[PDB]
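**Student:** kindly generate the corresponding structure for this input.
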Amino acid sequence: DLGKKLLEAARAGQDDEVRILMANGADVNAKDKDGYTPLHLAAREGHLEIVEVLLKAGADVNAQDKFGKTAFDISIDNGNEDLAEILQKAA
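**Tutor:** Numbering: from 1, shown residues only. Now the structure:
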């Protein structure tokens, strides 16, 4: 499951591993147990570069976790306006 590895690389903000995983066909819209995505995790951890890479590869900005929340919602709640705008523009 390249999806789970991509969730792991994204959260850690590892640009190299993230891109290798995507090139090997990792599902950019993979979800974990609680409905979290690589976009969601990178976004929450404030890895802006990773977010852009994921966005450019078709990451779904509107994907919700089990609580109905998106990458955009956690950016706002965290007060990370740079990220929130980036997400808004890709939606």
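
**Student:** which stretches of the protein form helices?
**Tutor:** Counting by DSSP state H, the chain has helices at residues 2-11, 15-23, 38-44, 48-56, 71-78, 81-90.

**Student:** right, and these - which one's nearest residue 31?
**Tutor:** With CB to CB, the closest approach to residue 31 among the helices of the chain belongs to helix 2-11: 7.9 Å. Heads up, the C-betas are built off the backbone N, CA and C, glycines and all.

**Student:** who's in contact with the residue nearest the centre of the chain?
**Tutor:** With distances taken as CA atoms, centre = their mean, residue 39 lies nearest the centre of the chain, 0.8 Å away. By CB atoms under 8 Å, 6 or more residues apart in numbering, the residues touching residue 39 are 10, 28, 51, 54, 55, 59, 60, 61, 63, 71.

**Student:** residue contacts, the closest residue to residue 30 other than its chain neighbours?
**Tutor:** Distance criterion CB to CB, 6 or more residues apart in numbering; nearest residue to residue 30, sequence neighbours excluded, is residue 3 at 2.8 Å. By CB under 8 Å, 6+ apart, the contact list for residue 3 reads 26, 27, 30, 31.
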